[PDB]
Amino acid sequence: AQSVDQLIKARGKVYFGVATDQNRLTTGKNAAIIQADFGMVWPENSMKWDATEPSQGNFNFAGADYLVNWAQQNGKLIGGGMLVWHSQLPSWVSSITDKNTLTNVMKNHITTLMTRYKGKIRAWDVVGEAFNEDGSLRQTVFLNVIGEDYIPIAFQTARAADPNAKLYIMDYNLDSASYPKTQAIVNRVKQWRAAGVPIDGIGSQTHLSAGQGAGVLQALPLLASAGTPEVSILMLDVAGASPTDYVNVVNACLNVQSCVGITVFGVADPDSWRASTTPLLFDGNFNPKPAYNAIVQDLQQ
């Protein structure tokens, strides 16, 4: 089956990517499909905070190491995250109330992960899901204890740890241009970058319902108006996996000069976090679905 990564590279983009991990690569047909058809891998779970630092200073890198090794042996790009995120956050972190302690705990978590893989990771999602739906900053432990400068500190710490990685902020429900969360993140990123914060990218965690593809054609250009060097579409899946929805998201990428690529959130439907909505590009028999073929067609023209 024709490679969507090759085709999107031929249209001037960097990658078509997919989330995976060790036990995906040793089961099913996932390794063969990724080798043939995708240009970048992301860790489905193995770089999250509760997988990598379940207790203070007790780092667990076996899973992440496997993925990074596999990607290098097979000539794929590699992304990483979530470095700073309130979900799947171990209790030992959320129980901290001292500002200096939490600051150093955050800095050490960022520095340790990025150092280990220094120079091998194209992009890191440094901070994720930092905004409320009304556009105010989400009141996580980091905001409550450190304050609003936790985002500047995180990005400056990450830039120091690996200056070769592109540093992203990411969030979800950025899929419509009239939604308050979309314009808020644009405005805050503008202001942070004007003050010298090294935010290289905005990543849009794109979990869509049927029919919401079309809206990304006007949301993604808006996200790009923040002036970051890059934007990306991340963790993509679409309930029903209609070709129309998937083609609209791909075309939004193509229409936006700074959008470097697209990452789908898994290979085959039965391995999706919402498998009953069959929202991915390959079915339970690892056959390409009509949406995969529609994307190929769209990219060929």
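Numbering starts at 1 and follows the sequence shown.
Per the PDB record, of the two stretches 107 to 115 and 137 to 145, 137 to 145 carries the greater mean B-factor over its C-alpha atoms. Judged by mean Cα B factor in the deposited record, 147 to 155 ranks above the other of 147 to 155 and 168 to 176.
Based on the entry's C-alpha B-factors, the most elevated value among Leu89, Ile202, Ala214, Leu208 belongs to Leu89. Take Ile78, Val186, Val231, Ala161 and read off each C-alpha B-factor from the entry; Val186 has the highest. In the PDB entry, a CA B factor belonging to the middle third of its chain's modelled residues is recorded for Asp245. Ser94: CA B factor in the highest third of modelled residues in this chain (values from the PDB entry). Compared with the other modelled residues of the chain, the Cα B-factor recorded for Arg122 ranks in the lowest third. In this PDB entry, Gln73 carries a Cα temperature factor that places it within the middle third of its chain's modelled residues. In the deposited entry, the Cα temperature factor of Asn45 places it in the middle third of its chain's modelled residues.
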